[PDB]
4 protein chains.
Amino acid sequence: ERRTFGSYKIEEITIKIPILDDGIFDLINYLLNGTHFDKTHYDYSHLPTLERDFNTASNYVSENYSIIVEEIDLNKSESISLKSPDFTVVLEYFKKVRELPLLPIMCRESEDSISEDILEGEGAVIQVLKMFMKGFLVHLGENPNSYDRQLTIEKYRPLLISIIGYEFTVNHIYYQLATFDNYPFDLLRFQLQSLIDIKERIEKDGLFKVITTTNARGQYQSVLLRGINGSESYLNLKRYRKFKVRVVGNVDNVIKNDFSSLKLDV
Amino acid sequence: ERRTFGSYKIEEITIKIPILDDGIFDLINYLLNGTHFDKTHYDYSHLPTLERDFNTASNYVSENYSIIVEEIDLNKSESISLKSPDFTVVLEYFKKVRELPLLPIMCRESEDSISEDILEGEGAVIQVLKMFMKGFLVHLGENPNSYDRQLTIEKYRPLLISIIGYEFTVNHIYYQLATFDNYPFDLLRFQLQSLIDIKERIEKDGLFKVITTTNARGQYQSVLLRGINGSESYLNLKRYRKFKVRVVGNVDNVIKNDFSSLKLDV
Amino acid sequence: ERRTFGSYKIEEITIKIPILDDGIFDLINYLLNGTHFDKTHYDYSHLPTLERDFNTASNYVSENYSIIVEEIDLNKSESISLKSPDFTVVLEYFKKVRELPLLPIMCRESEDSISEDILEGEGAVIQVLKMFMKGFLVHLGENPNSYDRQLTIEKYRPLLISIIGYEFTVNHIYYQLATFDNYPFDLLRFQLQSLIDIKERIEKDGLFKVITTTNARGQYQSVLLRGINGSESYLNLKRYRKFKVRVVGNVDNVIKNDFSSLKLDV
Amino acid sequence: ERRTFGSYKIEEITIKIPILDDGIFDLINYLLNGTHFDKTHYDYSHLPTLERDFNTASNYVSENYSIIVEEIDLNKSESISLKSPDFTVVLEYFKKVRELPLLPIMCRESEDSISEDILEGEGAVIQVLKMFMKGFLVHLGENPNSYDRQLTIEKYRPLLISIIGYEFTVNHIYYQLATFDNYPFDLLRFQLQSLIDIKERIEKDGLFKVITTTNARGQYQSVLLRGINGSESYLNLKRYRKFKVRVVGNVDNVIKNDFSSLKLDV
């Protein structure tokens, strides 16, 4: 059941709406386990240095996951969630509920205080995801679909966001990609080229804004990104699921029998 | 939207049951209109003399259809049905209901009284359908499916029946094919070869039996076929429908754009 | 209650979804009556020769509308609809239901048989709409909104289509604009520039495809456009309404009174 | 998200009723925290000595609030309420309920017994609110609305009441303003001028009346104000809420792109 890396799939439901398979839920679980590409469900010539970054980031995320795996109850569904711009994972577990800020880029006054091996671990993670998106887009271009006009990149926004955060804590393409979660596929297929213009001044003074609402029972902090149009968008939760894969098995038919051979009447 | 002749298609529905597209409902309508293969929704090298028989039978069925088209009301859905062994078509029409015995082979005491042109018309029809089935089976062998074990030939039984009727009013393959409407696909894919054995005696004395039930309000006549096992099966009605084809259009994508060309960061 | 020509407006509803006001329903009614710009609900320096084309097309559409106005019953809501690519209007009328193919460009084997005054009338209509869209887009750029990322050009597709039809029966911009009814606003605000590439070959052989489905009770004809990606889209109905304008009246306040004048205590 | 001080806002709801935003709920919370104007959600030239009184009163209210903050449970919505004429705040708190008489002016036989710093604190509070109302009214005059005829000052009555209490425990404008909670906006916009006449005799003998009803389970005390018409009104509870502010963010669009530049056909 192997597949190319960074893939997506399209499935139909009707009462003919399609839905997309991301390559993330499984990707998240793989990074949870530190699993290596060989023992994965996964033609990568144009993917330079893919494996070393892959497995280094897999291990780094593996121990980070273990950091909270240690506390987990035996007894204590799966509805993993992600938050921009510190790109934090969110879990739940019942008897029959935690988080981790994978890439905190909002404020880091430990540029040299944090050890360089940890920094390289995060850099490996962010580059891995960067190339993962590059693969996902190559995949989009490689095969077009009837349903290319029905959905948007919207899931992947925060990852691109994390990219630009590193950019400030070290671009035009990834930024403007992030700017439109609602952006459609074949559009990008058309105008990957001229995505060049804000020019310098709206990002020299912070890429994002931070606002807290004093809800009188707490302090709902929130991050408010600004996009190259010079505009803004609130960051929002996005609960995940993952489709229960079909039992279907490959036909792999070998008989390929001839029919003219049989002495049919005429 | 062209396709190969004699095709079938497989469609999924779930609350993952598949259903088959026959190539008959459309085929019936085409024979209704006498339409020629060029102006059809339809790689036929192994189909000898296909076109001349095709269009001759199309015309013959066209006038036969007109025989009852003349009487039809303007105002007076579509639920066409077929009956073995005279292979009769059945129509309905409402304001917002007839039949025709296309190939009556039960009793014909007009072997020379019926003109030879009419006889050639029916022979063209029966051969056309014969090759149509041969194509359908070549199609089955050409592409196998996950769902090859889920359905049977059951729709096409009466046509094979009509074949054997001509055989008596002029075989092993088509007979035994007809014998099992419940017969599965890939089985035939396996054992097309040895389908040879009843030997002479159960068919010298009539291929079928005829029984009428005196239901006290009418005489329900019925034909009871016997199969090479030396067994029997009652012939049954089979109401038809036809799926409302999807609006889907061919992507026919031409851009096939490169991606390494864009100056992505790394 | 005057407004600039070719305008749009944005209105909120919630149980904060916005909806757009087109400038079409009213525009359609104005062309129905042949009304001139002076006696309209409507800063047009950059609109060359606007009035002469405006009123000529208004008159032409007025008589064309009268062509079916003559037959209308006294007694016999309003749910006007439009169809590409002949860009036909659709009406209904009850006691307490027609159409007209305004710009038939699918097939016209009367290039010189049709008088030149009629041809100039249609050309005036199509240019009028062309500039109307140019104004609509200037309007989009002039004022951006919070909700610029929530809707698409989708209403106006067929008009752009009619444009390209004239192009064949005499471009890159209007074509690619039409190609994406789902296209978002501020995107166009960004990349109006580089919209240049199919190159010659997919449009030399017909801009559109025509397919009829033999639904066994009729012949549902349909037109299937192809877009610069080399892809396709089915053309679809779009029922219209028009919001019942609010009773609101301009405050136009004139008092602008001072307050420090009153002998407030401190 | 800064705004001018003492503001109000107008919001629409329909099944087009408007509602007003006060500048009080937030103001109450700010005085709860002793917050200073700089770190507030808030062009004040005509506001003399605003900041010193602002922050002094903020601190005074802050400790007064702390007086009951000390007792509050950790675990133990928000429905703050105010009562004239001692202008007392009212709170509630649940697991998942107190008051404070901010400006008791009904009876104070401690004119010199109460220290002068406390007295200056209350005087700062009352002047702060006095100017706050003056700003609110300047705001009303500065921008008029369609809905100026749909609501009344009714929320702010008790504050004006507290004013007149100080007047006795040290006017025509603030008194008559208080006299009509049901008074409409643009009226005041018209006749701020001649609000002069009861003349001396109905207020020399107490501004208000006090009546207790022996409800046989308690003593429901109540204060009964008298207005310059020589009439009366019972003082009433007014439960508060505060709208959950919209997530909306400022567009702050910067592109302001030209359109004639693109080589549109005509």
# chains A, B, ... in the order shown; residues from 1 in each chain; ligands from 1
$ select_by_dssp --residues "stretch 43-239 of chain B" --states "strand (DSSP E)" --output "VMD selection string"
chain B and resid 81 to 83 88 to 90 99 to 101 208 to 214 219 to 227 231 to 234
$ residues_around --residues "stretch 110-114 of chain D" --least-positions-apart "6" --cutoff "12 Å" --atoms "only C-alpha atoms" --output "PyMOL selection string"
chain D and resi 104+120-122+169-170
$ residues_around --residues "residue A:257" --least-positions-apart "3" --cutoff "9 Å" --atoms "only C-alpha atoms" --output "number ranges by chain"
A: 254; B: 141-142, 189-190
$ residues_around --residues "residue B:65" --least-positions-apart "4" --cutoff "8 Å" --atoms "only C-alpha atoms" --output "PyMOL selection string"
chain B and resi 32+61+69+100
$ interface_residues --of "chain B" --to "chain A" --cutoff "10 Å" --atoms "only C-alpha atoms" --output "CSV table (one decimal) with N, CA and C atoms, in the first residue's frame"
chain,number,residue,atom,x,y,z
B,12,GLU,N,-20.1,3.4,-7.6
B,12,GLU,CA,-20.2,3.1,-6.1
B,12,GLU,C,-21.3,3.9,-5.5
B,13,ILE,N,-22.0,3.3,-4.5
B,13,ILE,CA,-23.0,3.9,-3.7
B,13,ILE,C,-22.8,3.3,-2.3
B,14,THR,N,-23.0,4.1,-1.2
B,14,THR,CA,-23.0,3.6,0.1
B,14,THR,C,-23.8,4.4,1.0
B,15,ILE,N,-24.1,3.9,2.2
B,15,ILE,CA,-24.9,4.6,3.2
B,15,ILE,C,-24.0,5.4,4.1
B,16,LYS,N,-20.4,0.3,0.4
B,16,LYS,CA,-19.6,0.6,-0.9
B,16,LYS,C,-20.1,-0.4,-2.0
B,46,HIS,N,-11.0,-6.6,-34.1
B,46,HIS,CA,-11.5,-7.9,-33.9
B,46,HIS,C,-13.0,-8.0,-34.0
B,48,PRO,N,-15.4,-8.3,-36.9
B,48,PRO,CA,-15.6,-8.4,-38.3
B,48,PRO,C,-17.0,-8.0,-38.7
B,127,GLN,N,-27.5,-11.9,-34.7
B,127,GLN,CA,-26.0,-11.9,-34.8
B,127,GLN,C,-25.4,-10.6,-34.2
B,130,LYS,N,-25.3,-11.1,-30.6
B,130,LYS,CA,-24.3,-12.1,-30.4
B,130,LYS,C,-22.9,-11.5,-30.3
B,131,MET,N,-22.5,-10.8,-31.3
B,131,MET,CA,-21.2,-10.1,-31.3
B,131,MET,C,-21.2,-9.1,-30.2
B,134,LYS,N,-20.2,-10.9,-27.3
B,134,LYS,CA,-18.8,-11.2,-27.4
B,134,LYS,C,-17.9,-10.1,-27.0
B,135,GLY,N,-18.2,-8.9,-27.5
B,135,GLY,CA,-17.5,-7.7,-27.1
B,135,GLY,C,-17.6,-7.4,-25.6
B,137,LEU,N,-17.9,-9.5,-23.3
B,137,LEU,CA,-17.1,-10.4,-22.5
B,137,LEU,C,-15.6,-10.1,-22.7
B,138,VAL,N,-15.2,-9.7,-23.9
B,138,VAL,CA,-13.8,-9.3,-24.2
B,138,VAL,C,-13.5,-8.1,-23.3
B,141,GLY,N,-12.8,-9.3,-19.7
B,141,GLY,CA,-11.5,-9.8,-19.6
B,141,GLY,C,-10.4,-8.8,-19.7
B,142,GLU,N,-10.7,-7.8,-20.5
B,142,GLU,CA,-9.6,-6.7,-20.7
B,142,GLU,C,-9.3,-6.0,-19.4
B,143,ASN,N,-10.3,-5.6,-18.7
B,143,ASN,CA,-10.1,-4.9,-17.4
B,143,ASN,C,-10.9,-5.6,-16.3
B,144,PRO,N,-10.1,-6.1,-15.3
B,144,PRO,CA,-10.8,-6.7,-14.1
B,144,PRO,C,-10.9,-5.6,-13.0
B,145,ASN,N,-11.8,-5.9,-12.1
B,145,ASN,CA,-12.1,-4.9,-11.0
B,145,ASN,C,-12.1,-5.6,-9.7
B,146,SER,N,-12.0,-4.8,-8.7
B,146,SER,CA,-12.2,-5.2,-7.3
B,146,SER,C,-13.6,-5.9,-7.1
B,147,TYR,N,-14.6,-5.4,-7.8
B,147,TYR,CA,-16.0,-5.8,-7.6
B,147,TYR,C,-16.4,-6.9,-8.5
B,148,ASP,N,-15.4,-7.6,-9.2
B,148,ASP,CA,-15.7,-8.7,-10.1
B,148,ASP,C,-16.4,-9.8,-9.5
B,171,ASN,N,-24.8,-26.0,-30.4
B,171,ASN,CA,-23.9,-25.1,-29.7
B,171,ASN,C,-23.7,-25.5,-28.2
B,172,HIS,N,-22.6,-25.2,-27.6
B,172,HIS,CA,-22.4,-25.4,-26.1
B,172,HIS,C,-22.1,-24.1,-25.4
B,173,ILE,N,-21.4,-23.1,-26.0
B,173,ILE,CA,-20.9,-22.0,-25.2
B,173,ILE,C,-22.1,-21.1,-24.7
B,174,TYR,N,-22.8,-20.6,-25.7
B,174,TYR,CA,-23.8,-19.6,-25.3
B,174,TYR,C,-24.9,-20.2,-24.5
B,186,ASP,N,-15.3,-13.5,-13.1
B,186,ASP,CA,-13.9,-14.1,-13.2
B,186,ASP,C,-14.0,-15.6,-13.3
B,189,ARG,N,-13.9,-16.0,-16.7
B,189,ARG,CA,-12.5,-15.6,-17.0
B,189,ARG,C,-11.6,-16.8,-16.9
B,190,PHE,N,-11.9,-17.7,-16.0
B,190,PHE,CA,-11.1,-18.9,-15.8
B,190,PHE,C,-11.4,-20.0,-16.8
B,192,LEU,N,-13.4,-20.5,-19.6
B,192,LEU,CA,-14.0,-20.4,-20.9
B,192,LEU,C,-13.7,-21.7,-21.8
B,193,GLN,N,-12.7,-22.5,-21.4
B,193,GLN,CA,-12.1,-23.5,-22.2
B,193,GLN,C,-13.0,-24.7,-22.3
B,194,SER,N,-13.1,-25.4,-21.2
B,194,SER,CA,-13.6,-26.8,-21.2
B,194,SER,C,-15.1,-27.0,-21.1
B,195,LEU,N,-15.8,-26.0,-21.5
B,195,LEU,CA,-17.3,-25.9,-21.3
B,195,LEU,C,-17.9,-26.9,-22.3
B,246,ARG,N,-23.6,11.7,-14.9
B,246,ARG,CA,-23.0,12.8,-14.2
B,246,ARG,C,-22.7,14.0,-15.2
B,248,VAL,N,-20.1,15.6,-15.1
B,248,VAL,CA,-18.6,15.6,-15.1
B,248,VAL,C,-18.1,15.8,-16.6
B,249,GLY,N,-17.1,16.6,-16.7
B,249,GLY,CA,-16.4,16.8,-18.0
B,249,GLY,C,-15.0,16.5,-17.9
B,250,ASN,N,-14.4,16.1,-19.1
B,250,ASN,CA,-13.0,15.7,-19.1
B,250,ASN,C,-12.1,16.8,-18.8
B,251,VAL,N,-11.2,16.6,-17.8
B,251,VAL,CA,-10.2,17.7,-17.5
B,251,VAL,C,-9.3,18.0,-18.7
B,252,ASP,N,-8.8,17.0,-19.3
B,252,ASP,CA,-8.0,17.2,-20.5
B,252,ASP,C,-6.9,18.3,-20.3
B,253,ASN,N,-6.3,18.2,-19.1
B,253,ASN,CA,-5.3,19.3,-18.8
B,253,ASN,C,-4.1,19.3,-19.7
B,254,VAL,N,-3.7,20.5,-20.1
B,254,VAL,CA,-2.6,20.7,-21.0
B,254,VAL,C,-1.4,21.4,-20.4
B,255,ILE,N,-1.6,22.1,-19.3
B,255,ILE,CA,-0.5,23.0,-18.8
B,255,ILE,C,0.8,22.2,-18.5
B,256,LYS,N,0.7,21.2,-17.7
B,256,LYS,CA,1.8,20.3,-17.4
B,256,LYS,C,3.0,21.1,-17.1
B,257,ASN,N,2.8,22.1,-16.1
B,257,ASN,CA,3.8,23.1,-15.8
B,257,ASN,C,5.0,22.5,-15.0
B,258,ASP,N,6.2,23.0,-15.2
B,258,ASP,CA,7.3,22.7,-14.4
B,258,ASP,C,7.3,23.5,-13.1
B,259,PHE,N,8.0,23.0,-12.1
B,259,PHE,CA,8.0,23.6,-10.8
B,259,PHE,C,9.4,24.0,-10.3
B,260,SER,N,10.4,23.1,-10.6
B,260,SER,CA,11.8,23.5,-10.3
B,260,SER,C,12.2,24.8,-10.9
B,261,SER,N,11.5,25.3,-11.9
B,261,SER,CA,11.8,26.5,-12.6
B,261,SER,C,11.7,27.7,-11.6
B,262,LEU,N,10.7,27.8,-10.8
B,262,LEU,CA,10.5,28.9,-9.9
B,262,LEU,C,11.6,28.8,-8.8
B,263,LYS,N,12.0,30.0,-8.5
B,263,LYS,CA,13.2,30.2,-7.6
B,263,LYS,C,12.8,30.0,-6.1
B,264,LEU,N,12.3,28.8,-5.8
B,264,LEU,CA,12.0,28.4,-4.5
B,264,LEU,C,13.3,28.4,-3.7
B,265,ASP,N,13.2,28.7,-2.4
B,265,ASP,CA,14.4,29.1,-1.6
B,265,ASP,C,15.4,28.0,-1.6
B,266,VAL,N,15.0,26.7,-1.3
B,266,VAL,CA,16.0,25.6,-1.4
B,266,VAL,C,15.3,24.3,-1.9
$ residues_around --residues "stretch 84-87 of chain A" --least-positions-apart "6" --cutoff "8 Å" --atoms "only C-alpha atoms" --output "ChimeraX atom specification"
/A:101-106,158-159,161-162,165,223,235
$ write_last_selection --atoms "N, CA, C and O atoms" --output "short mmCIF file (atom, residue, chain, number, x, y, z; two decimals), in the first residue's frame"
data_model
loop_
_atom_site.label_atom_id
_atom_site.label_comp_id
_atom_site.auth_asym_id
_atom_site.auth_seq_id
_atom_site.Cartn_x
_atom_site.Cartn_y
_atom_site.Cartn_z
N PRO A 101 3.71 23.02 22.29
CA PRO A 101 4.07 24.07 21.33
C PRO A 101 5.29 23.69 20.52
O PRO A 101 6.43 24.00 20.90
N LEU A 102 5.06 22.99 19.41
CA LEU A 102 6.14 22.41 18.62
C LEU A 102 7.18 23.45 18.22
O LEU A 102 8.38 23.27 18.43
N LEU A 103 6.73 24.56 17.62
CA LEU A 103 7.63 25.58 17.08
C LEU A 103 7.25 26.95 17.62
O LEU A 103 6.68 27.78 16.90
N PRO A 104 7.57 27.24 18.88
CA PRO A 104 7.26 28.56 19.44
C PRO A 104 8.15 29.66 18.87
O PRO A 104 9.33 29.75 19.22
N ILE A 105 7.60 30.49 17.99
CA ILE A 105 8.34 31.58 17.36
C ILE A 105 7.80 32.94 17.76
O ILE A 105 8.40 33.96 17.41
N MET A 106 6.71 33.00 18.52
CA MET A 106 6.15 34.28 18.96
C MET A 106 7.18 35.12 19.72
O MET A 106 7.41 36.29 19.39
N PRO A 158 -1.12 27.40 8.66
CA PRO A 158 -0.21 27.67 9.79
C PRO A 158 1.21 27.23 9.53
O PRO A 158 2.15 27.89 9.97
N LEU A 159 1.38 26.14 8.77
CA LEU A 159 2.72 25.64 8.49
C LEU A 159 3.51 26.69 7.73
O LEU A 159 4.63 27.05 8.11
N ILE A 161 2.92 29.74 7.82
CA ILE A 161 3.13 30.78 8.81
C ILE A 161 4.40 30.51 9.59
O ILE A 161 5.28 31.38 9.70
N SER A 162 4.56 29.28 10.09
CA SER A 162 5.76 28.95 10.83
C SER A 162 6.99 29.24 9.99
O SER A 162 7.98 29.80 10.50
N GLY A 165 7.92 32.76 10.16
CA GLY A 165 8.45 33.07 11.48
C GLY A 165 9.94 32.83 11.54
O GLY A 165 10.71 33.71 11.95
N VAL A 223 -3.47 35.84 18.00
CA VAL A 223 -2.49 36.35 17.05
C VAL A 223 -3.24 36.69 15.77
O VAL A 223 -4.14 35.96 15.35
N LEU A 235 -6.44 34.10 13.30
CA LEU A 235 -6.13 32.68 13.28
C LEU A 235 -7.19 31.89 14.04
O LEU A 235 -7.65 32.32 15.10
#
$ atom_distance --atom1 "atom CA of residue B:4" --atom2 "atom CA of residue B:23"
10.4 Å
$ residues_around --residues "residue C:21" --least-positions-apart "6" --cutoff "7 Å" --atoms "only C-alpha atoms" --output "NGL selection string"
:C and (8-10)
$ write_last_selection --atoms "N, CA and C atoms" --output "PDB file, in the first residue's frame"
ATOM      1  N   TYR C   8     -21.276  48.195  -6.442  1.00  0.00           N
ATOM      2  CA  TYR C   8     -21.675  47.002  -5.717  1.00  0.00           C
ATOM      3  C   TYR C   8     -21.843  47.411  -4.267  1.00  0.00           C
ATOM      4  N   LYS C   9     -22.549  46.603  -3.484  1.00  0.00           N
ATOM      5  CA  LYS C   9     -22.639  46.959  -2.066  1.00  0.00           C
ATOM      6  C   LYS C   9     -22.566  45.674  -1.252  1.00  0.00           C
ATOM      7  N   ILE C  10     -22.264  45.808   0.031  1.00  0.00           N
ATOM      8  CA  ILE C  10     -22.027  44.658   0.894  1.00  0.00           C
ATOM      9  C   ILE C  10     -22.937  44.759   2.109  1.00  0.00           C
TER      10      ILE C  10
END
$ select_by_dssp --residues "stretch 27-266 of chain C" --states "helix (DSSP H, G or I)" --output "count of residues only"
89
$ residues_around --residues "stretch 210-214 of chain A" --least-positions-apart "5" --cutoff "12 Å" --atoms "only C-alpha atoms" --output "PyMOL selection string"
(chain A and resi 85+106-107+219-226+232-235) or (chain D and resi 1-2+26+29-30+33+40-41+244-247+249)
$ atom_distance --atom1 "atom CA of residue C:98" --atom2 "atom CA of residue C:68"
7.9 Å
$ decode --residues "stretch 63-78 of chain B" --atoms "N, CA and C atoms" --output "PDB file, in the first residue's frame"
ATOM      1  N   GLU B  63     -37.962   0.513 -37.956  1.00  0.00           N
ATOM      2  CA  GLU B  63     -39.330   0.445 -38.476  1.00  0.00           C
ATOM      3  C   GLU B  63     -40.214  -0.359 -37.533  1.00  0.00           C
ATOM      4  N   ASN B  64     -39.685  -1.440 -36.951  1.00  0.00           N
ATOM      5  CA  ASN B  64     -40.511  -2.216 -36.034  1.00  0.00           C
ATOM      6  C   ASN B  64     -40.989  -1.343 -34.879  1.00  0.00           C
ATOM      7  N   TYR B  65     -40.104  -0.497 -34.355  1.00  0.00           N
ATOM      8  CA  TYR B  65     -40.482   0.454 -33.317  1.00  0.00           C
ATOM      9  C   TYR B  65     -41.523   1.437 -33.833  1.00  0.00           C
ATOM     10  N   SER B  66     -41.339   1.935 -35.061  1.00  0.00           N
ATOM     11  CA  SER B  66     -42.313   2.851 -35.644  1.00  0.00           C
ATOM     12  C   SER B  66     -43.694   2.219 -35.734  1.00  0.00           C
ATOM     13  N   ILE B  67     -43.743   0.889 -35.864  1.00  0.00           N
ATOM     14  CA  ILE B  67     -45.017   0.181 -35.997  1.00  0.00           C
ATOM     15  C   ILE B  67     -45.944   0.550 -34.849  1.00  0.00           C
ATOM     16  N   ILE B  68     -45.382   0.739 -33.653  1.00  0.00           N
ATOM     17  CA  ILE B  68     -46.165   1.192 -32.509  1.00  0.00           C
ATOM     18  C   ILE B  68     -45.930   2.665 -32.197  1.00  0.00           C
ATOM     19  N   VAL B  69     -44.875   3.272 -32.746  1.00  0.00           N
ATOM     20  CA  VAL B  69     -44.688   4.713 -32.595  1.00  0.00           C
ATOM     21  C   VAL B  69     -45.842   5.464 -33.235  1.00  0.00           C
ATOM     22  N   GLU B  70     -46.408   4.916 -34.310  1.00  0.00           N
ATOM     23  CA  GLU B  70     -47.476   5.624 -35.013  1.00  0.00           C
ATOM     24  C   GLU B  70     -48.661   5.902 -34.090  1.00  0.00           C
ATOM     25  N   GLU B  71     -49.053   4.918 -33.280  1.00  0.00           N
ATOM     26  CA  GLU B  71     -50.224   5.043 -32.418  1.00  0.00           C
ATOM     27  C   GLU B  71     -50.002   5.924 -31.194  1.00  0.00           C
ATOM     28  N   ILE B  72     -48.764   6.321 -30.885  1.00  0.00           N
ATOM     29  CA  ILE B  72     -48.494   6.907 -29.577  1.00  0.00           C
ATOM     30  C   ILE B  72     -49.145   8.278 -29.469  1.00  0.00           C
ATOM     31  N   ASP B  73     -49.752   8.536 -28.315  1.00  0.00           N
ATOM     32  CA  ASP B  73     -50.223   9.871 -27.985  1.00  0.00           C
ATOM     33  C   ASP B  73     -49.052  10.848 -27.971  1.00  0.00           C
ATOM     34  N   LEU B  74     -49.363  12.123 -28.202  1.00  0.00           N
ATOM     35  CA  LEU B  74     -48.395  13.183 -27.942  1.00  0.00           C
ATOM     36  C   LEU B  74     -47.972  13.176 -26.477  1.00  0.00           C
ATOM     37  N   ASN B  75     -48.920  13.431 -25.573  1.00  0.00           N
ATOM     38  CA  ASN B  75     -48.609  13.413 -24.147  1.00  0.00           C
ATOM     39  C   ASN B  75     -48.197  12.019 -23.693  1.00  0.00           C
ATOM     40  N   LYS B  76     -49.016  11.016 -23.990  1.00  0.00           N
ATOM     41  CA  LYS B  76     -48.660   9.637 -23.675  1.00  0.00           C
ATOM     42  C   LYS B  76     -47.848   9.033 -24.814  1.00  0.00           C
ATOM     43  N   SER B  77     -42.222   8.756 -17.351  1.00  0.00           N
ATOM     44  CA  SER B  77     -40.905   8.158 -17.156  1.00  0.00           C
ATOM     45  C   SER B  77     -40.638   7.080 -18.201  1.00  0.00           C
ATOM     46  N   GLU B  78     -39.539   6.349 -18.028  1.00  0.00           N
ATOM     47  CA  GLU B  78     -39.187   5.249 -18.919  1.00  0.00           C
ATOM     48  C   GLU B  78     -38.683   4.074 -18.091  1.00  0.00           C
TER      49      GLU B  78
END
